[PDB]
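Data first, discussion second: the structure below is written as structure tokens.
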Amino acid sequence: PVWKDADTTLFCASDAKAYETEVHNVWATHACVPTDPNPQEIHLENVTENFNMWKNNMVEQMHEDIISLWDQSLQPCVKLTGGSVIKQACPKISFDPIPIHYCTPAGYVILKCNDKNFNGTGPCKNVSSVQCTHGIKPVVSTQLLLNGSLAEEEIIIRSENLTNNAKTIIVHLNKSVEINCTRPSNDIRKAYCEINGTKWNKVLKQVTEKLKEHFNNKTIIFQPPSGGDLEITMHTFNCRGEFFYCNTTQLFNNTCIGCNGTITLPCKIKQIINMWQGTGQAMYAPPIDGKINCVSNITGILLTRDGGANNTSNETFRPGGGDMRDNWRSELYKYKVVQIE
Ligand SMILES: CN1CCN(C(=O)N2C[C@H](CO)C[C@H](C(=O)Nc3ccc(Cl)c(F)c3)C2)CC1
Ligand SMILES: *[C@@H]1O[C@H](CO)[C@@H](O)[C@H](O)[C@H]1NC(C)=O
Ligand SMILES: *[C@@H]1O[C@H](CO)[C@@H](O)[C@H](O)[C@H]1NC(C)=O
Ligand SMILES: *[C@@H]1O[C@H](CO)[C@@H](O)[C@H](O)[C@H]1NC(C)=O
Ligand SMILES: *[C@@H]1O[C@H](CO)[C@@H](O)[C@H](O)[C@H]1NC(C)=O
Ligand SMILES: *[C@@H]1O[C@H](CO)[C@@H](O)[C@H](O)[C@H]1NC(C)=O
Ligand SMILES: *[C@@H]1O[C@H](CO)[C@@H](O)[C@H](O)[C@H]1NC(C)=O
Ligand SMILES: *[C@@H]1O[C@H](CO)[C@@H](O)[C@H](O)[C@H]1NC(C)=O
Ligand SMILES: *[C@@H]1O[C@H](CO)[C@@H](O)[C@H](O)[C@H]1NC(C)=O
Ligand SMILES: *[C@@H]1O[C@H](CO)[C@@H](O)[C@H](O)[C@H]1NC(C)=O
Ligand SMILES: *[C@@H]1O[C@H](CO)[C@@H](O)[C@H](O)[C@H]1NC(C)=O
Ligand SMILES: *[C@@H]1O[C@H](CO)[C@@H](O)[C@H](O)[C@H]1NC(C)=O
Ligand SMILES: *[C@@H]1O[C@H](CO)[C@@H](O)[C@H](O)[C@H]1NC(C)=O
């Protein structure tokens, strides 16, 4: 029972159904193995281990997987890409992510931090050892993290360096907030998201208080993004194959901390997309017929702190996103691959 930090090629596992035509099920059918039937972790009594969620190769390996999955499934009619115009089919596919597990080969094990207040960086006291991670839904989105896990007690603030304003902050919520997005049946690209306002604003209240704990009680100010290409300025996600862009100004600007009802965010289903996998534009086909609906859980927030506010008494935070590696980070944060012996 000796180990050291190391990186190896992992393998993936999932409860995919071989009959299902959903693209995540197909990709996991040919690319992952069945999940462990009898998994079990080994408690490491009075062992303290150092983790770093911002420098973890697991994240890059999952990222490479999700790039491959999307490359094979969600494929665009036209892909303007650094001067090329690769054209191809874009059949309306079935899209709904399933949990994926990340497993070590023989000779390696993953270490899992069970400290219920772990912030992703430095020491962990209650350390367990596993062979596979839990099932992680690979939900691509900006500004808001959806379908995710929740912090087990206090709202957790994750960052590689909180005093460096350039490094993204991940708010890990301890209570989810439902966001219910609909494109009603047949402007066929107009859509909207509904969110409970009292819930959302109570949770933003709590986030404010946490950030106060992290910033010497400086005043905390929320604002929408300041410049961006649309995938950043708007909450962008995929609903049954369609790319939704949603204005979140009503979430990051009324402050509202007589306002307490149901927030309705306007949204558009875009066709031309700035891809998150790599630089380039992808053009898909117009939306499917019928009502397109997704009821997701908001479980985390991607935030960028404003710079140059050192000599002021405020700290400004704006929703961020773009690098999906942080999206996988928000779930992989408690894991670490150690080579055995
Ligand atoms: C570092 N690496 C280089 C290439 N890259 C980009 O260039 N961008 C820039 C682009 C606009 O500027 C926005 C991109 C983005 O997040 N797109 C996106 C597409 C679909 C969905 Cl559903 C979504 F949630 C997000 C990020 C990724 C990061
Ligand atoms: C450590 O985490 C494990 C995982 O659930 C569990 O035994 C318990 O929460 C913790 N154990 C102790 C002794 O605190
Ligand atoms: C949303 O959150 C609720 C309560 O936090 C949970 O029971 C439910 O499973 C979550 N939904 C999804 C799709 O994870
Ligand atoms: C969430 O964490 C906050 C601390 O930021 C705490 O005050 C609150 O009671 C927690 N709520 C839930 C539902 O866990
Ligand atoms: C994370 O926790 C460690 C140890 O408690 C601490 O050194 C580090 O500053 C923390 N980071 C954040 C962003 O709270
Ligand atoms: C965090 O950011 C500040 C500001 O840029 C920098 O001075 C400091 O060295 C950073 N921390 C580390 C550990 O590099
Ligand atoms: C979501 O929104 C639609 C349209 O407003 C509504 O019919 C539905 O009841 C809402 N809730 C759920 C869980 O779908
Ligand atoms: C919103 O959730 C809050 C709980 O904080 C509750 O008071 C209310 O029932 C919900 N509002 C609606 C319109 O469902
Ligand atoms: C922040 O303000 C609270 C007031 O409730 C105080 O107890 C706490 O010491 C303050 N912390 C810092 C770091 O200023
Ligand atoms: C979001 O809506 C507000 C008005 O409610 C508008 O001022 C803002 O420009 C919109 N955001 C974008 C990115 O268009
Ligand atoms: C919200 O901030 C935006 C700046 O992007 C601006 O459109 C608006 O004035 C602010 N909110 C209100 C209620 O004015
Ligand atoms: C969140 O989970 C629900 C329940 O499976 C799902 O219907 C929804 O599409 C998910 N959200 C996203 C953005 O995938
Ligand atoms: C702002 O303050 C942080 C830490 O106090 C420092 O690292 C950073 O360089 C400062 N930025 C400027 C522009 O002075």
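Every number here is computed from the coordinates shown, using simple stated rules; none is lab data. Backbone-built Cβ (ideal geometry, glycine too); neighbour counts: all protein chains shown.
Numbers for the structure displayed
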| read-out | value |
| --- | --- |
| Whether the range 4-339 is rounded, prolate or oblate, judged on the alpha carbon gyration tensor where a/c under 1.5 counts as rounded | oblate |
| Distance histogram in 5 Å bins (all Cα pairs of the range 1-124, percent per bin) | 2, 8, 15, 17, 16, 14, 11, 7, 5, 3, 1, 0 |
| Cα-derived Rg to Rh of the range 227-338, Kirkwood definition | 1.01 |
| Charged-residue dipole, Cβ positions (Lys, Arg, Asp, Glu), the chain about Cα centre, Debye nearest 20 | 980 debye |
| Listed residue (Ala16, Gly83, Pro138) projecting farthest to the positive dipole end of the chain, Cβ model | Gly83 |
| Within the chain, helix-based [θ] at 222 nm, where runs of 4 or more DSSP H residues each add -39,500 (n - 2.57), nearest 500 | -4500 deg cm²/dmol |
| Order of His63, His134, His30, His172 - criterion: other Cβ atoms within 10 Å of each residue's Cβ, fewest first | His30, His134, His63, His172 |
| The range 242-295 shape via C-alpha gyration tensor axes, a/c threshold 1.5 | oblate |
| Signed unit charges on C-beta, dipole axis of the range 4-339, positive-most listed residue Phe215, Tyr245, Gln339 | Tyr245 |
| Sorted by Cβ density within 10 Å, fewest first, the residues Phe237, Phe317, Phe95 | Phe95, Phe317, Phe237 |
| Pairwise centroid distance, computed over Cα atoms, of the range 17-96 with the range 277-341, Å | 16 Å |
| Ranked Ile179, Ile232, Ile42, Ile67, criterion: other C-beta atoms within 10 Å, fewest first | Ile42, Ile67, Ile232, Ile179 |
| Mean projected area in nm² (Cα convex hull; one quarter of hull surface) for the range 148-218 | 7.1 nm² |
